[PDB]
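# Descriptive structure summary
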Amino acid sequence: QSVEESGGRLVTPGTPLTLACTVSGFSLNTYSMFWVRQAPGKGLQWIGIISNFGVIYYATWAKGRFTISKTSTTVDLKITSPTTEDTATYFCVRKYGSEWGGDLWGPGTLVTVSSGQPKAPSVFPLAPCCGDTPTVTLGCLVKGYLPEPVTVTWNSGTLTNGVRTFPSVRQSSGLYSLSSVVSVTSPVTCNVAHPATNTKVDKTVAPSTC
Amino acid sequence: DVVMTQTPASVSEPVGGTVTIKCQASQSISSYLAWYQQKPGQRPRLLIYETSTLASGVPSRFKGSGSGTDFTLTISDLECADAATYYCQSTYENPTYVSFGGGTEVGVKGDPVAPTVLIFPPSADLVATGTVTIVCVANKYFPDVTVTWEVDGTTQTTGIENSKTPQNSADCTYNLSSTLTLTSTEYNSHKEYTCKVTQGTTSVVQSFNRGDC
């Protein structure tokens, strides 16, 4: 029924890491699973596959770089010796019966390979200039973080209507930045979680810059 | 190994129009080809497998055809909801044959909509960091905009970074953030800050004065 990847994190080149794909609602005794990755802003790339009987095949480029395995609840992907170019979102995918294609995909887990150290985001409130006459859009600027992602919620996730969280952009420093804005009928709090640094910051945004 | 060559790299068609996407296989893969749709920031979704068989729930407007080394996805009655990158995949049962095409970024052309614009002066504590970031937002617009920043009437050429949301699923519109970054010394040396959002010869501006905010 569903697939969820975990274990994406920031590592230095040469540091082994393993990703887990946890399945629910079906058995790996029955279904084969495969791994696909997607470098930021790039296309899909097939890594390899493990049958319901445990027989594994790898893409030619992937041979010796990855090891696929399975447990009672998961398939796993060990990246033997990560390089900067292994920075990607990794997806696990349930194979449908008739071909080596996939019907059920996970959300993906993001691997970052870099010599830069992790950095918690700094958060700043966004509001109209002091005194603007109003429906109001308020926001939070979330900057200087590594790795992606941050999770931005409003009012502890209870506010989801009228929210726009722009895609992050990576600066030359390797750090990321984004803003999230919410439109409300004329207080809102942004919550900025960064699983990597286990930090969560809350900012209750004044309705103007006064 | 099999290489899938997908063309075009990108295409835009009007609502109600037709998008034709092709994949060429470097070796015959018989009928073993699938198509996926991937919306920005989301996971890939299976549309078609076995060249032509629709995944459940996937509308008939999506039509897969071809065989051997030549394959086609045709998307009819194009909807704003269809804005996505589409990928073919050889699904042939041999690891030397499996691979994805390079994708086709499909934009959907809906009704023109002029942006509104919001500007966000930097907070006192932001200025206090030594690095000022000014945020501008272009709301609910189509087609693309270009953004410029003016500081006391002078067009800025550095420190500008833009980020665009996916096309709205119902009306095709975009939203964009544009951010201008300067040192607090640079910031404090100027008065009027203007974000200018342009579509052709028509621009919408928002401005503030540093001392007012």
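### Quick notes on the overall build of chain B
- The number of helices and strands found in chain B is 2 helices and 19 strands.
- A globule of 213 residues ought to have a C-alpha radius of gyration of about 17 Å, yet chain B, at 23 Å, is considerably larger.
- Out of the 213 residues belonging to chain B, those deemed buried represent 47%.
- Once local pairs closer than 6 in sequence are excluded, the contacts in chain B between residues at least 24 apart make up 59%.
- Side chains of chain B give 12 positive and 19 negative charges; the mean places of these two sets differ by 4 Å.

### A few points about the interface of chain A and chain B
- Counting from both sides, the interface comprises 41 residues of chain A and, opposite them, 46 residues of chain B.
- Taken over both partners, the interface formed by chain A and chain B buries close to 3500 Å², and the fraction arising from carbon and sulfur atoms is 64%.
- By the criterion of area lost to chain B, the three top residues of chain A are A:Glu99, A:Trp100 and A:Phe166, representing 18% of everything that side buries.
- On the surface where chain A and chain B come into contact, there are 1 salt bridge.
- In this structure, B:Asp125 engages A:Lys203 in a salt bridge whose closest nitrogen and oxygen atoms are separated by 3.9 Å.
- The tally of links between chain A and chain B comes to 14 residue pairs in polar contact.
- Residue assignment for the side of chain A that touches chain B shows that the elements contributing at least two residues are strand 4 (33-38), strand 5 (44-50), strand 6 (56-58), strand 10 (102-105), strand 12 (122-126), strand 13 (136-145) and strand 17 (176-184) of chain A.
- Its residues placed into classes, the side of chain A that touches chain B shows 23 nonpolar, 12 polar and 6 charged.

### Notes on the sheet that holds strand 7 (residues 62-67) of chain B
All names here are of chain B.
- Sheet architecture is open: 4 strands sit in the order 1-3-8-7, paired in antiparallel fashion. The outermost strands of the open sheet, each flanked by one partner alone, are strand 1 (4-7) and strand 7. Neighbour to neighbour, the strand axes of the sheet diverge by 15 degrees on average, direction disregarded.
- In terms of strand pairing, strand 3 (residues 19-25) meets strand 8 (residues 70-75) through 6 bridges, oriented antiparallel. Looking across to strand 8, one finds that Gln-24 is bridged to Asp-70.

### Digging into the nonpolar core
- In this structure, A:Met33, A:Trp35, A:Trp46, A:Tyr90, B:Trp35 and B:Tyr86 are the most contacted members of the largest nonpolar core, which totals 69 residues.
- Contact partners of A:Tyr90, with chain neighbours within four places excluded, come to A:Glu5, A:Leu19, A:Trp35, A:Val36, A:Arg37, A:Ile47, A:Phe66, A:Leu77, A:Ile79, A:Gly108, A:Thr109 and A:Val111.
- B:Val132, B:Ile134, B:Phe142 and B:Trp149 belong to the second-largest nonpolar core, a separate cluster that totals 22 residues.

### Remarks on unusual backbone geometry
- Cis geometry marks the peptide bond from A:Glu148 to A:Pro149, where omega comes out at 0 degrees.
- Counting through the fold element by element, A:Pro149 comes out in the loop between strand 13 and strand 14 (151-154).
- Cis geometry marks the peptide bond from B:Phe142 to B:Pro143; its omega dihedral reads 0 degrees.
- By secondary structure assignment, the location of B:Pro143 is in the loop between strand 13 (131-141) and strand 14 (146-151).
- Backbone geometry places A:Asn198, a non-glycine residue, at a positive phi of 50 degrees.
- Structurally, the position occupied by A:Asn198 is in the loop between strand 18 (189-194) and strand 19 (199-204).

### Considering the domain arrangement of chain A
Residues and elements named next belong to chain A.
- Considered domain by domain, chain A is made up of domain 1 (1-115) and domain 2 (116-210).
- A C-alpha centroid distance of 31 Å is found between domain 1 and domain 2.
- Contact between domain 1 and domain 2 buries roughly 540 Å² in total, counting both sides, with carbon and sulfur atoms accounting for 60%.
- By the criterion of area lost to domain 2, the three top residues of domain 1 are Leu-10, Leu-110 and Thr-112, representing 64% of everything that side buries.
- Remark: the boundary between domain 1 and domain 2 carries 0 salt bridges.
- At the boundary of domain 1 and domain 2, one finds 1 residue pair in polar contact.
- By residue class, the composition of the side of domain 1 that touches domain 2 is 2 nonpolar, 3 polar and no charged.

### Comments concerning the pattern of salt bridges
- Inspection of every chain in the model, using the stated rule, returns 9 salt bridges over all chains.
- Across the pair A:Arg37 and A:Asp86 runs a salt bridge, and its minimum N-O distance is 2.7 Å. Taken together, the residues span a long stretch of sequence, with A:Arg37 in strand 4 and A:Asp86 in the loop between strand 8 (74-79) and strand 9 (88-95) at a distance of 49 residues.
- Taking the shortest distance from any N to any O, the salt bridge between B:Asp82 and B:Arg61 comes out at 2.8 Å. Within this pair, whereas B:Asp82 is found in the loop between strand 8 and strand 9 (84-90), its partner B:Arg61 is found in the loop between strand 6 (53-54) and strand 7, the two being separated by 21 residues in sequence. For the pair shown, B:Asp82 and B:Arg61 are each scored as buried.

### Here we look at the domain arrangement of chain B
Residues and elements named next belong to chain B.
- What the domain assignment lists for chain B is domain 1 (1-110) and domain 2 (111-210).
- In this structure, domain 1 and domain 2 have C-alpha centres spaced 36 Å apart.
- Approximately 620 Å² of surface area, both sides summed, lies buried where domain 1 meets domain 2, with 65% of it carried by carbon and sulfur atoms.
- Among the residues domain 1 hides against domain 2, the three largest losses belong to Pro-40, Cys-80 and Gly-110. Together they make up 64% of the total.
- Summed over the shared surface of domain 1 and domain 2, the number is 0 salt bridges.
- Our enumeration of links across domain 1 and domain 2 arrives at 2 residue pairs in polar contact.
- Among the residues forming the side of domain 1 that touches domain 2, the class breakdown is 6 nonpolar, 2 polar and 1 charged.

What counts and how
Residues numbered from 1 in each chain as written, not as in the entry; some residues may be left out. Chains lettered and ligands numbered in written order. Heavy atoms only, no water. Helix = DSSP H or I, 4+ residues; strand = E, 2+ residues; numbered from the N terminus. Rg over C-alpha atoms; globule rule 2.2 N^0.38 Å. Buried < 20%, exposed > 50% of the residue type's maximum accessible area, 1.4 Å probe, protein only. Contact = heavy atoms within 4.5 Å. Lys, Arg positive; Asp, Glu negative; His and termini not counted. Charge placed at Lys NZ, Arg CZ, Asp CG, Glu CD. Buried area = accessible area lost by both parts, 1.4 Å probe. Salt bridge = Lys/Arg side-chain N within 4 Å of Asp/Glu carboxyl O. Polar contact = N/O pair within 3.5 Å; in protein donor to acceptor, adjacent residues only side chain to side chain. Nonpolar A, V, L, I, M, F, W, Y, C, P; charged D, E, K, R; others polar. Pairing = 2+ DSSP bridges. Axes fitted to C-alpha atoms, helices over the stretch in contact; angles between N-to-C directions. Core = buried A, V, L, I, M, F, W, Y, C linked by side-chain atoms within 4.5 Å. Domains from an automatic or database assignment.

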